[PDB]
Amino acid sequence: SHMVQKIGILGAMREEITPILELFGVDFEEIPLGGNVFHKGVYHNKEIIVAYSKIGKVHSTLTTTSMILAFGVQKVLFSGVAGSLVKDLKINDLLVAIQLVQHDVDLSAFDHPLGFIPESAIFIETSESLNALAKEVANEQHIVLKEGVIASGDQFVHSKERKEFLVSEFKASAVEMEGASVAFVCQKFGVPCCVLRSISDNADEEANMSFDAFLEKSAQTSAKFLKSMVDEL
């Protein structure tokens, strides 16, 4: 029914949604579609649709589209982990993405700026309203929540040279592989989106080792915070 509010909650990997399903604690019906498993439950009278997309831009575009078109979700909250590009963002710290960019798009051979695609824009915006809510919830929990630009692309970044490019070209604070495609799809449909990330690594030569040591704790941190936001919705 259109009288039932529907909220999509997305992560990229199983580990990013496991804690979400546990924290919400209601029974979820499993519904397979398009290679994804959607978990549908009712929490405080809201239908919550939870899924992990699998990694990267094509997987996350597909899953966000299914949530909106097939499940009729009217907000998307994305939760997961990211690599830090700035010294003040340390392991486990939370960032909300005020703008996102696809950092790997390169049509500069035809004089477009890096990150730009025709009919689109370098920077994609998220919901003022939901980010304002994230800030209120962080303040009300005594959690430090940074706001910044997140760069997304289909490579796991693990080099000083790529980090330096991300900071100089886009002034990005963190890097990951899905945010910009989820925020893009939500913008095309006019659906409010929030992208929350907790830092798992520093996107440098050691990033794989950090990512594996910290993924689960960082995914839990983001997942708890997302649950705090749904509790105020």
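Residues carry their position along the shown sequence, with the first being 1.
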When the C-alpha temperature factors are averaged for each of 136-144 and 117-125, which stretch ends up with the higher value in the entry?
-> 136-144
Of the two stretches 190-198 and 63-71, which shows the higher Cα B-factor on average in the entry?
-> 190-198
Listed options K54, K57, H39, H44: highest C-alpha B factor recorded at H44
Whose C-alpha has the highest temperature factor in the PDB entry: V76, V81, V101, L130?
-> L130
Split the chain's modelled residues into thirds by Cα B-factor; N208 lands in the middle
By its CA B factor, does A151 count among the lowest, middle or highest third of the modelled residues in the chain?
-> lowest
Binned into thirds over the chain's modelled residues, the C-alpha B-factor of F28 lands in the highest
Could you look up the Cα B-factor of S173 in the entry and say which third of the chain it sits in: lowest, middle or highest?
-> middle
Sort the modelled residues of this chain by their C-alpha B factor and say whether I20 lands in the lowest, middle or highest third.
-> highest
